[PDB]
Amino acid sequence: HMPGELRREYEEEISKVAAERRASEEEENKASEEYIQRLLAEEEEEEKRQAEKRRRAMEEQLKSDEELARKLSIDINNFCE
Amino acid sequence: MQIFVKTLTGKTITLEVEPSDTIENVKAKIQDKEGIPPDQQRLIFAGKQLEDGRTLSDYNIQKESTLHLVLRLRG
Amino acid sequence: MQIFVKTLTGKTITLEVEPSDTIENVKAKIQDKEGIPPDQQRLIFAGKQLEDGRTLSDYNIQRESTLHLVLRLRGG
């Protein structure tokens with residue numbers, strides 16, 4: 001029977017396949033999860049930094065609004081005294 | 001939605017508004033809560049003096065925004 | 001051939017593919033099976049993001065290999 005003569009040539013290669021596959025599967029999974037971990041962390045941090053830029057830009061706007069209001073208040077009240 | 005109106009005296013007024021409400025409506029809502037006549041109100045947002053006719057969305061005023069109010073001072 | 005797609009919460013999507021199919025087709029198949037728009041999808045294999053125009057063959061993605069799906073933020 002053919003698997004009997006083919007056995008000696010192929011059996012060691014085939015008896016080790018399942019381990020060779022699991023090694024590559026684990027190596028793929030380890031490289032992807034490490035990259036993904038950097039992806040999620042970098043994405044989350046930069047989103048937080050952007051939202052904090054917008055917060056300070058709004059606060060910088062309120063301070064300028066307040067000083068514009070304070071100038072307008074002095075100007076328009078001096079006029080109608 | 002909510003917006004805030006900060007007076008130069010430090011006071012902070014809270015108003016319930018719609019994005020389609022005009023600046024005239026906003027002055028009317030400040031009149032109800034604080035008794036100040038709308039003629040004696042000037043509102044500033046984003047370095048601009050708001051015009052009675054335009055709406056809050058016209059000035060890109062969204063929720064939690066803070067407007068600044070200028071009053072008449074009979075000293 | 002069959003491949004597997006791991007999602008962020010651990011689920012596994014099963015797809016019937018060919019070595020010739022492009023990353024676009026894969027995402028389209030994920031849409032048909034999971035209802036996820038392709039523009040939300042980021043597919044990662046061997047630690048690299050996969051480009052819509054290349055094929056599974058271009059990325060040495062073989063039978064029963066596992067791809068990793070990471071959706072994009074709504075804003076950002």
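Just so it is clear: chains get the letters A, B, ... in the order the sequence lines come, proteins before strands, and each one is counted from 1.
Rounding to the nearest 0.5 Å gives a distance of 8.5 Å between CG of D21(B) and OG1 of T55(B). The structure places CD of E33(A) at 11.0 Å from CD1 of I44(C), a figure rounded to the nearest 0.5 Å. In this structure, CE on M58(A) lies 6.5 Å from OG1 on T66(B), to the nearest 0.5 angstrom. From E25(A), atom CD reaches atom OG1 of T66(C) across 6.5 Å, with rounding to the nearest 0.5 Å. Taken to the nearest 0.5 Å, the CD1 atom of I61(B) stands 12.0 Å off from the CZ atom of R54(B). In this structure, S73(A) OG and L69(B) CG are separated by 9.5 Å, a value rounded to the nearest 0.5 Å.
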Pair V17(B)-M1(B), side-chain contact (heavy atoms from CB on, under 4.5 Å): steps then yes or no = CA-CA 5 Å; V17(B) 296; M1(B) 73 176 185; 3.7 Å; yes
request  = Verify side-chain contact (heavy atoms from CB on, under 4.5 Å) between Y35(A) and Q49(C), making sure each step is shown before the conclusion.
outcome  = CA-CA 9 Å; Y35(A) 171 85; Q49(C) 284 204 227; 3.4 Å; yes
message = side-chain contact (heavy atoms from CB on, under 4.5 Å), that's the test. Do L68(A) and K71(A) meet it? Break it down for me.
response = CA-CA 5 Å; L68(A) 216 166; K71(A) 294 191 180 189; 5.7 Å; no
message = Between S32(A) and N29(A), is the side-chain hydrogen bond (donor to acceptor under 3.5 Å, both in side chains) condition met? List the steps.
response = CA-CA 5 Å; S32(A) 296; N29(A) 180 77; over 6 Å; no
inquiry  = Please determine whether side-chain contact (heavy atoms from CB on, under 4.5 Å) holds for the pair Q40(C) and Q31(C), giving the CA-CA distance in whole Å, both sets of side-chain angles, and the decisive distance to 0.1 Å.
reply    = CA-CA 10 Å; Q40(C) 307 193 351; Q31(C) 178 173 40; over 6 Å; no
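Under the 4.5 Å side-chain contact rule for hydrophobic residues, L71(C) and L40(A) do not share a cluster. Hydrophobic clustering places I13(C) together with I36(C) (ILVMFWY residues linked when any side-chain heavy atoms are closer than 4.5 Å, directly or through intermediates). Grouping the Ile, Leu, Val, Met, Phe, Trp and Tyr side chains by contacts below 4.5 angstrom, directly or via other members, places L6(A) with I14(A).
Salt bridge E66(A)/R70(A): present, at least one basic N to carboxylate O contact under 4.0 Å. Salt bridge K29(C)/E16(C): absent, no basic N to carboxylate O contact under 4.0 Å. Under 4.0 Å is where a charged nitrogen must lie from a carboxylate oxygen, and between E11(A) and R7(A) at least one such pair does. Note on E64(C) versus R21(A): salt bridge recorded, some NZ/NE/NH1/NH2 to OD/OE distance being below 4.0 Å. In summary, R49(A) and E52(A) do not engage in a salt bridge, as defined by a charged side-chain N under 4.0 Å from a carboxylate O.
Counting heavy atoms from C-beta on, the side chains of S65(B) and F4(B) never come closer than 4.5 Å. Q41(B) has its side chain out of reach of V70(B): every pair of non-hydrogen atoms, C-beta onward, lies at least 4.5 Å apart. The shortest distance between side-chain heavy atoms of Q2(B) and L15(B) does not fall below 4.5 Å. Using a 4.5 Å cut-off on side-chain heavy atoms (C-beta onward), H68(B) and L62(A) make contact.
Within a 6.0 Å radius of CD in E42(A), no more than 12 heavy atoms belonging to other residues, nucleotides or ligands are found.
Of the candidates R55(A), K63(A), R56(A), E59(A) forms a side chain to side chain donor-acceptor pair (under 3.5 Å) with just one, namely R55(A). Residue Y59(B) is tested with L50(B), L43(B), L67(B) for a side-chain contact (heavy atoms from CB on, under 4.5 Å); the sole match is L50(B).
A distance-only check finds a donor-acceptor pair linking the side chain of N25(B) to the backbone of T22(B) [under 3.5 Å]. The closest donor-acceptor contact from the side chain of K33(B) to the backbone of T14(B) lies under 3.5 Å. Between the side chain of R42(C) and the main chain of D39(C), no donor-acceptor pair closer than 3.5 Å is present. Remark: side-chain polar atoms of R72(B) are paired, donor with acceptor, to backbone N or O of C80(A) under 3.5 angstrom. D52(B) places no side-chain N or O within donor-acceptor distance of the main-chain N or O of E24(B), the cut-off being under 3.5 Å.
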